[PDB]
Every structure is written in C-alpha cells, then in structure tokens.
>>> print(open('final25.cif').read())   # mmCIF, C-alpha atoms and all ligand atoms
data_input
loop_
_atom_site.label_atom_id
_atom_site.label_comp_id
_atom_site.auth_asym_id
_atom_site.auth_seq_id
_atom_site.Cartn_x
_atom_site.Cartn_y
_atom_site.Cartn_z
CA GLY A 1 -106.22 5.71 -22.65
CA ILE A 2 -106.71 2.33 -21.01
CA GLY A 3 -109.55 2.45 -18.50
CA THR A 4 -108.76 2.56 -14.79
CA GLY A 5 -112.26 2.33 -13.35
CA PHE A 6 -114.10 -0.68 -11.97
CA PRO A 7 -117.75 0.26 -12.55
CA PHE A 8 -119.27 -3.18 -11.88
CA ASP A 9 -121.96 -3.66 -9.25
CA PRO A 10 -120.88 -6.23 -6.64
CA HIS A 11 -122.50 -9.63 -6.52
CA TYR A 12 -121.90 -12.13 -3.73
CA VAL A 13 -122.55 -15.85 -3.35
CA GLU A 14 -121.94 -18.10 -0.36
CA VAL A 15 -119.48 -20.86 -1.28
CA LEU A 16 -118.36 -23.48 1.28
CA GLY A 17 -119.34 -21.11 4.08
CA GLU A 18 -117.42 -18.14 2.65
CA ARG A 19 -118.63 -15.20 0.59
CA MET A 20 -117.21 -14.89 -2.93
CA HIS A 21 -117.53 -11.72 -5.00
CA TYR A 22 -118.13 -11.70 -8.73
CA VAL A 23 -118.89 -9.41 -11.63
CA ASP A 24 -122.06 -10.39 -13.51
CA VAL A 25 -123.05 -8.31 -16.56
CA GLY A 26 -124.58 -8.83 -19.97
CA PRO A 27 -127.76 -10.58 -21.11
CA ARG A 28 -129.24 -13.13 -18.73
CA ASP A 29 -129.95 -15.62 -21.52
CA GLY A 30 -127.46 -17.67 -23.50
CA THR A 31 -124.19 -19.36 -22.67
CA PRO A 32 -122.22 -17.44 -20.02
CA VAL A 33 -118.58 -16.47 -20.42
CA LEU A 34 -116.61 -17.20 -17.23
CA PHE A 35 -113.46 -15.07 -16.71
CA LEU A 36 -110.81 -16.43 -14.32
CA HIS A 37 -107.94 -14.23 -13.07
CA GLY A 38 -104.65 -15.33 -11.52
CA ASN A 39 -101.86 -14.03 -9.27
CA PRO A 40 -101.81 -11.27 -7.92
CA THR A 41 -104.89 -9.89 -9.65
CA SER A 42 -108.70 -10.01 -9.35
CA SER A 43 -111.67 -9.44 -11.61
CA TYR A 44 -110.12 -5.95 -11.99
CA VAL A 45 -107.78 -7.50 -14.58
CA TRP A 46 -110.80 -8.07 -16.89
CA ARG A 47 -112.30 -4.58 -16.51
CA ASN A 48 -111.38 -3.42 -20.05
CA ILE A 49 -112.05 -6.76 -21.73
CA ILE A 50 -115.56 -7.47 -20.42
CA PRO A 51 -117.08 -4.33 -22.07
CA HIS A 52 -116.37 -5.83 -25.52
CA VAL A 53 -118.19 -9.06 -24.64
CA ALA A 54 -121.00 -7.87 -22.35
CA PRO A 55 -123.13 -6.39 -25.21
CA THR A 56 -123.80 -9.90 -26.57
CA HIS A 57 -122.94 -12.40 -23.79
CA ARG A 58 -123.26 -12.76 -20.04
CA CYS A 59 -119.90 -12.17 -18.40
CA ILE A 60 -119.15 -13.69 -14.98
CA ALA A 61 -115.84 -12.76 -13.34
CA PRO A 62 -115.26 -14.11 -9.81
CA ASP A 63 -112.58 -13.05 -7.39
CA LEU A 64 -110.72 -16.17 -6.31
CA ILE A 65 -111.07 -17.06 -2.64
CA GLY A 66 -108.69 -14.92 -0.59
CA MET A 67 -108.47 -12.34 -3.40
CA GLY A 68 -110.29 -9.27 -4.67
CA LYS A 69 -113.51 -8.64 -2.74
CA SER A 70 -113.96 -12.29 -1.80
CA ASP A 71 -113.65 -13.47 1.79
CA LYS A 72 -110.19 -14.32 3.14
CA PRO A 73 -110.32 -17.40 5.39
CA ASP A 74 -107.17 -18.75 7.06
CA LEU A 75 -106.28 -21.32 4.41
CA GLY A 76 -103.01 -22.43 2.90
CA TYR A 77 -104.36 -21.25 -0.47
CA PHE A 78 -102.94 -24.26 -2.26
CA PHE A 79 -104.09 -24.80 -5.81
CA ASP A 80 -106.31 -27.54 -4.37
CA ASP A 81 -108.06 -24.97 -2.16
CA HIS A 82 -108.79 -22.80 -5.20
CA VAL A 83 -110.08 -25.87 -7.04
CA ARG A 84 -112.49 -26.66 -4.21
CA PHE A 85 -113.82 -23.10 -4.06
CA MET A 86 -114.08 -22.60 -7.81
CA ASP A 87 -115.85 -25.94 -8.27
CA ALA A 88 -118.35 -24.86 -5.62
CA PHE A 89 -118.70 -21.33 -7.05
CA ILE A 90 -119.67 -22.73 -10.47
CA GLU A 91 -122.31 -25.00 -8.93
CA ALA A 92 -123.61 -22.28 -6.58
CA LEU A 93 -124.38 -20.08 -9.60
CA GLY A 94 -126.10 -23.02 -11.29
CA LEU A 95 -123.91 -22.77 -14.37
CA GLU A 96 -124.40 -25.52 -16.94
CA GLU A 97 -122.38 -25.00 -20.14
CA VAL A 98 -119.84 -22.16 -20.20
CA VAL A 99 -117.16 -20.54 -22.31
CA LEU A 100 -113.96 -19.95 -20.33
CA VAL A 101 -111.64 -16.93 -20.58
CA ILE A 102 -108.61 -17.67 -18.43
CA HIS A 103 -105.18 -16.36 -17.42
CA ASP A 104 -102.25 -17.41 -15.22
CA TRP A 105 -103.59 -19.40 -12.22
CA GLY A 106 -107.12 -18.88 -13.54
CA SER A 107 -106.05 -20.96 -16.54
CA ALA A 108 -104.95 -23.87 -14.35
CA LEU A 109 -108.36 -23.69 -12.68
CA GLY A 110 -110.18 -23.47 -16.00
CA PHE A 111 -108.24 -26.19 -17.84
CA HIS A 112 -108.43 -28.52 -14.83
CA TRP A 113 -112.20 -28.01 -14.58
CA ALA A 114 -112.61 -28.43 -18.35
CA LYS A 115 -110.61 -31.67 -18.41
CA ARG A 116 -112.87 -33.06 -15.68
CA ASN A 117 -116.10 -31.68 -17.20
CA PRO A 118 -115.51 -31.47 -20.97
CA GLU A 119 -119.21 -31.69 -21.84
CA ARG A 120 -119.77 -28.35 -20.12
CA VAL A 121 -117.07 -26.31 -21.89
CA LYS A 122 -118.00 -24.78 -25.25
CA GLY A 123 -114.76 -22.87 -25.80
CA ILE A 124 -111.59 -21.71 -24.07
CA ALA A 125 -109.88 -18.38 -24.62
CA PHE A 126 -106.56 -18.31 -22.80
CA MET A 127 -103.37 -16.32 -22.42
CA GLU A 128 -100.15 -16.51 -20.38
CA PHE A 129 -101.31 -19.82 -18.95
CA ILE A 130 -99.95 -22.42 -16.54
CA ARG A 131 -97.88 -25.08 -18.34
CA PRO A 132 -94.97 -27.21 -17.12
CA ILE A 133 -91.74 -25.21 -17.20
CA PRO A 134 -89.21 -28.02 -17.78
CA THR A 135 -86.16 -26.24 -16.34
CA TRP A 136 -85.34 -22.89 -14.79
CA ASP A 137 -83.64 -21.95 -18.07
CA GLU A 138 -87.13 -21.65 -19.59
CA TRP A 139 -88.14 -19.11 -16.95
CA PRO A 140 -87.32 -15.54 -18.09
CA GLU A 141 -83.75 -14.71 -17.08
CA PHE A 142 -84.70 -11.26 -15.77
CA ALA A 143 -87.11 -12.82 -13.23
CA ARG A 144 -85.34 -16.11 -12.46
CA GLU A 145 -83.50 -15.54 -9.19
CA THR A 146 -86.51 -13.77 -7.69
CA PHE A 147 -88.98 -16.54 -8.50
CA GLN A 148 -86.45 -19.01 -7.07
CA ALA A 149 -86.30 -16.90 -3.89
CA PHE A 150 -90.11 -16.67 -3.79
CA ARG A 151 -90.18 -20.47 -3.49
CA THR A 152 -88.74 -20.53 0.05
CA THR A 153 -90.35 -20.05 3.45
CA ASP A 154 -87.68 -17.56 4.57
CA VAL A 155 -86.66 -15.12 1.82
CA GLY A 156 -89.83 -15.73 -0.21
CA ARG A 157 -92.20 -14.88 2.62
CA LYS A 158 -90.16 -11.81 3.59
CA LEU A 159 -90.44 -10.53 0.02
CA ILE A 160 -94.06 -11.43 -0.72
CA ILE A 161 -95.78 -11.23 2.69
CA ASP A 162 -93.72 -8.73 4.67
CA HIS A 163 -92.82 -6.38 1.80
CA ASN A 164 -95.64 -7.05 -0.70
CA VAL A 165 -93.16 -7.48 -3.57
CA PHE A 166 -95.57 -9.46 -5.77
CA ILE A 167 -97.86 -6.40 -5.88
CA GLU A 168 -95.35 -3.56 -5.72
CA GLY A 169 -92.78 -5.15 -8.02
CA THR A 170 -93.67 -8.37 -9.79
CA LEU A 171 -97.06 -7.15 -11.04
CA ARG A 172 -95.51 -4.06 -12.62
CA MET A 173 -92.67 -6.14 -14.09
CA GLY A 174 -95.43 -8.27 -15.67
CA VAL A 175 -96.81 -5.38 -17.79
CA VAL A 176 -94.91 -3.64 -20.60
CA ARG A 177 -96.66 -0.29 -20.33
CA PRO A 178 -96.54 1.67 -17.07
CA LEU A 179 -99.35 1.12 -14.58
CA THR A 180 -100.91 4.23 -13.07
CA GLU A 181 -101.32 5.00 -9.38
CA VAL A 182 -105.09 4.50 -9.60
CA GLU A 183 -104.53 1.07 -11.14
CA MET A 184 -101.92 0.16 -8.52
CA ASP A 185 -104.34 1.19 -5.77
CA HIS A 186 -106.98 -1.15 -7.21
CA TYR A 187 -104.45 -3.99 -7.20
CA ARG A 188 -103.24 -3.11 -3.70
CA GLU A 189 -106.67 -2.90 -2.10
CA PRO A 190 -107.26 -6.61 -1.26
CA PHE A 191 -103.80 -6.95 0.29
CA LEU A 192 -103.38 -3.84 2.47
CA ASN A 193 -103.10 -6.13 5.50
CA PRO A 194 -99.97 -8.34 5.42
CA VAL A 195 -101.83 -11.25 7.06
CA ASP A 196 -104.01 -11.47 3.93
CA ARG A 197 -101.07 -12.10 1.57
CA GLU A 198 -100.84 -15.92 1.85
CA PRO A 199 -102.30 -16.55 -1.67
CA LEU A 200 -99.66 -14.28 -3.18
CA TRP A 201 -96.87 -16.48 -1.77
CA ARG A 202 -98.46 -19.91 -2.16
CA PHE A 203 -99.19 -19.39 -5.85
CA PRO A 204 -95.55 -19.03 -7.01
CA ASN A 205 -94.72 -21.99 -4.77
CA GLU A 206 -97.25 -24.05 -6.77
CA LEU A 207 -95.86 -23.12 -10.20
CA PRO A 208 -94.78 -26.31 -12.01
CA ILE A 209 -91.11 -25.52 -12.65
CA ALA A 210 -88.32 -28.09 -13.05
CA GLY A 211 -90.59 -30.86 -11.82
CA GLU A 212 -91.67 -29.20 -8.55
CA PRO A 213 -94.17 -29.51 -6.98
CA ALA A 214 -94.60 -32.99 -8.44
CA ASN A 215 -98.37 -33.06 -7.84
CA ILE A 216 -98.97 -29.80 -9.72
CA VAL A 217 -96.73 -30.90 -12.60
CA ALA A 218 -98.78 -34.10 -12.92
CA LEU A 219 -102.12 -32.27 -12.86
CA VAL A 220 -100.97 -29.70 -15.42
CA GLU A 221 -99.54 -32.40 -17.69
CA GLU A 222 -102.92 -34.15 -17.61
CA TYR A 223 -104.86 -31.09 -18.72
CA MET A 224 -102.30 -30.27 -21.41
CA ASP A 225 -102.65 -33.83 -22.73
CA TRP A 226 -106.40 -33.30 -22.91
CA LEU A 227 -106.01 -29.90 -24.60
CA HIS A 228 -103.74 -31.37 -27.29
CA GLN A 229 -106.51 -33.74 -28.41
CA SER A 230 -109.86 -32.26 -27.43
CA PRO A 231 -111.91 -30.65 -30.23
CA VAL A 232 -113.00 -27.83 -27.87
CA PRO A 233 -112.76 -24.44 -29.65
CA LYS A 234 -109.65 -22.58 -28.48
CA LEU A 235 -108.38 -19.01 -28.73
CA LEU A 236 -104.81 -18.25 -27.62
CA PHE A 237 -103.48 -14.74 -27.02
CA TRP A 238 -99.73 -14.20 -26.79
CA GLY A 239 -97.31 -11.31 -26.57
CA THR A 240 -93.63 -10.55 -26.97
CA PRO A 241 -91.56 -11.50 -25.02
CA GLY A 242 -94.18 -13.08 -22.73
CA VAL A 243 -93.39 -14.66 -19.37
CA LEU A 244 -95.02 -18.08 -19.03
CA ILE A 245 -94.77 -18.79 -22.75
CA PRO A 246 -92.41 -17.33 -25.36
CA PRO A 247 -93.71 -16.24 -28.78
CA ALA A 248 -92.39 -19.10 -30.92
CA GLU A 249 -93.81 -21.71 -28.54
CA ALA A 250 -97.14 -19.87 -28.46
CA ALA A 251 -97.39 -19.82 -32.26
CA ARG A 252 -96.29 -23.48 -32.40
CA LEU A 253 -98.86 -24.43 -29.75
CA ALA A 254 -101.74 -22.68 -31.49
CA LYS A 255 -100.94 -24.65 -34.64
CA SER A 256 -100.67 -27.95 -32.72
CA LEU A 257 -103.84 -27.60 -30.62
CA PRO A 258 -107.04 -28.64 -32.42
CA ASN A 259 -109.40 -25.87 -33.45
CA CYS A 260 -107.19 -23.13 -32.01
CA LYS A 261 -106.95 -19.56 -33.27
CA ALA A 262 -103.91 -17.51 -32.22
CA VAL A 263 -103.76 -13.74 -31.74
CA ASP A 264 -100.48 -11.83 -31.37
CA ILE A 265 -101.26 -8.86 -29.09
CA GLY A 266 -97.92 -7.11 -29.68
CA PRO A 267 -95.69 -6.23 -26.72
CA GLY A 268 -96.61 -8.19 -23.63
CA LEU A 269 -95.23 -9.90 -20.54
CA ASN A 270 -97.71 -11.71 -18.24
CA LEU A 271 -100.77 -9.45 -17.77
CA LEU A 272 -101.55 -9.20 -21.47
CA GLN A 273 -104.92 -7.66 -20.53
CA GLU A 274 -103.06 -4.52 -19.37
CA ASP A 275 -101.06 -4.13 -22.59
CA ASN A 276 -103.77 -4.67 -25.23
CA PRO A 277 -107.26 -4.99 -23.70
CA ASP A 278 -109.09 -3.73 -26.77
CA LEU A 279 -107.68 -6.37 -29.12
CA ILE A 280 -108.24 -9.13 -26.55
CA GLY A 281 -111.83 -8.09 -25.92
CA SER A 282 -112.74 -7.51 -29.56
CA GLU A 283 -111.20 -10.82 -30.65
CA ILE A 284 -113.00 -12.75 -27.88
CA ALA A 285 -116.28 -11.21 -29.04
CA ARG A 286 -115.61 -12.07 -32.68
CA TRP A 287 -114.58 -15.63 -31.79
CA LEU A 288 -117.68 -16.14 -29.61
CA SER A 289 -119.85 -15.27 -32.61
CA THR A 290 -118.38 -18.29 -34.44
CA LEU A 291 -119.23 -20.81 -31.70
CA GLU A 292 -122.33 -22.99 -31.40
CA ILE A 293 -123.45 -21.33 -28.18
CL CL B 1 -97.63 -17.15 -9.36
#
>>> encode(input="final25.cif", output="structure tokens")
Amino acid sequence: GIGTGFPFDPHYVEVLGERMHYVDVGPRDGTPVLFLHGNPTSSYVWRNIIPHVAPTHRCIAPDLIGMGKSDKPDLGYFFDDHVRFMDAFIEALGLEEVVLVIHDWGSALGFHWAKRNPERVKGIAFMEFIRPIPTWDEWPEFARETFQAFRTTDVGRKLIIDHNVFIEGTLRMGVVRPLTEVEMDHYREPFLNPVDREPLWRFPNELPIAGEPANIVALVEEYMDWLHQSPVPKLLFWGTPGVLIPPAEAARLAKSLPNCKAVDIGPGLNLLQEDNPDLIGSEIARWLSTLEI
C-alpha cells in the first residue's frame, strides 16, 4: 500500500534566528528540486513522491516555519511571515536555480517567489494550488460553511485551535482514500500542543476568497498573471472533484498556460499526494528529464 514511514534524516538550518527542518536527499550535483507543502501538512506530505525523484535529482523539502519539525516562534503566521522565512531559507541553503514542486500554501510561496525571481526557476510542478476564488459558490459546497466559520476569531479559533479540527477533520476530508492511524499521528505530531496551532488558523484566513483578504488576492492575481505568460516549464496535477480547482478548470488552465503538461491523477480532493503518490512522483521524474537542467 501507500507508504506511511518518514525515513529521512533530519537537516536543520538557522533562518532569521529560528531553526528550520528540511529533507535533503539525492545527488549533490545538478539542479535541486524544492518541494513546498501547505496547510496543515509538512514535508511528510512528500514522503511517497520524493523516492521517485531522488534517484536522479536532489530533493529539498522544508517544513514551513511553525510546522513540521521547524521551530515555532510566536508569530501571527501570516502569508507574509512565511514569505520572509522561505526567502531566507532558500538563501541560507545557497540555492541558485531550482525546480519547484508545490501544493496549497506552498504553491503561493513558490509562485510568489518565482514571479519575483523568474531567472532562478527552471520549472514548476504544481497541484491544488492557491488561486483567487471569485465567490463562495466556487468553494466546494460540502466544505463551505466550515471554511466560512474558520475565517472568524471566535468560532474559527475554537474549531481550529481549541479542537484541532483542521487536523482531525479537514485534513481527512481533503483525501479521498482513508488515512491510517500511523499517518494521522505523523500529521498530528507538530500540533500536539494547542498553543502551536496558530498557522493552522491563519492560513484559511489568508485564502483569497470573494475578494478577501484584499492584499492576498492582489498578490495571487499578480503571480497568476505572470504564470499565464511566462515560458517557464509547467506540470499541473489535478484530481476529481478537487477542492481548490475543479477538473474542467484544471484542464482548461493547463491548455491556457504556456508550456504546461497536465496529469489527471484520478480521484482526488486537496492532498493529491495521498491519493496517487506513485503517478505524481513518476510523472515529475519523467518531466524533469525533459528540462534543460
Ligand atoms: Cl488553508
């Protein structure tokens, strides 16, 4: 079955006075492949994808600040905080040119960094990514009232912080197949202490839905405008029914975006990595072999 282990040796780097953890496997030479997770996951989400890429390419998978095995300072964990820490993580590792593999909030980080530093990005593989959601009617009906409740300081914090609903409920409702207890324990581990759950609540409050928050909408629009014109090689994975993007819009987008290959992974919600890791990993590896890297 789908692997549950996390066999990767820990690596740590000091970033803005805090320690960040990252996976680092594969050959030391060549262009590195930088894997960026989202909410409420960690590098654990890439555990079954990396082994398809690591034979031929260096794979770097950081835990976002406040998440995974990274340090957990008392921040607001706004998108801007993650931008500051990820910018500094990339420089602290001395990365020059990279290929990005990105998901959920990791995709906002990756696309925003790529738009600002396009000379350093040699390809982008992406899935279930942050885009403007024009109205609440484009958010999946089965999850709509809860995400609306998440975006409050009263009910939303009670659910996400006090009761850990993003881990115990939303995560599982983001995967089609059932998650095992061992997998759930890996996802629970960074957030056993309720005071460490701020990122889990701030992230859904940053989602660009129905024009709010205006600053995130503007930033995401800017990187989507870039992506619609840039020649950067692109690989889009999508599933049915999806969460952040529905199938027809995914297929339409992959046709519209320059130099973009699309892969239908079959059934999927948000964490496509948990529903078809072998296809995602094998297709990333095949696509990498076509790039000038
Ligand atoms: Cl979120």
>>> residues_near_point(input="final25.cif", point="(-110.5, -21.9, -20.2)", cutoff="7 Å", atoms="only C-alpha atoms", output="list in words")
residues 100, 101, 102, 107, 110, 111, 124, 125 and 126 of chain A
>>> atom_distance(input="final25.cif", atom1="atom CA of residue A:82", atom2="atom CA of residue A:66")
9.1 Å
>>> residues_near_ligand(input="final25.cif", ligand="ligand CL 1 (chain B)", cutoff="8 Å", atoms="all atoms listed in the file", output="PyMOL selection string")
chain A and resi 38-40+104-105+200-207
>>> closest_residue(input="final25.cif", among="A:44, A:136, A:268, A:11", to="residue A:185", atoms="only C-alpha atoms")
A:44
>>> closest_residue(input="final25.cif", among="A:170, A:282, A:180, A:193", to="residue A:270", atoms="all atoms listed in the file")
A:170
>>> closest_residue(input="final25.cif", among="A:245, A:127, A:229, A:163", to="residue A:262", atoms="all atoms listed in the file")
A:127
>>> atom_distance(input="final25.cif", atom1="atom CA of residue A:293", atom2="atom CA of residue A:220")
27.2 Å
>>> residues_around(input="final25.cif", residues="stretch 114-116 of chain A", least_positions_apart="5", cutoff="7 Å", atoms="all atoms listed in the file", output="NGL selection string")
:A and (121 or 223 or 226)
>>> closest_residue(input="final25.cif", among="A:164, A:98, A:274, A:18", to="residue A:178", atoms="all atoms listed in the file")
A:274
>>> atom_distance(input="final25.cif", atom1="atom CA of residue A:21", atom2="atom CA of residue A:238")
28.2 Å
>>> closest_residue(input="final25.cif", among="A:232, A:13, A:50, A:210", to="residue A:26", atoms="all atoms listed in the file")
A:50
>>> residues_around(input="final25.cif", residues="residue A:149", least_positions_apart="4", cutoff="12 Å", atoms="all atoms listed in the file", output="list in words")
residues 143, 144, 145, 153, 154, 155, 156, 157, 158, 159, 160, 165, 201, 204 and 205 of chain A
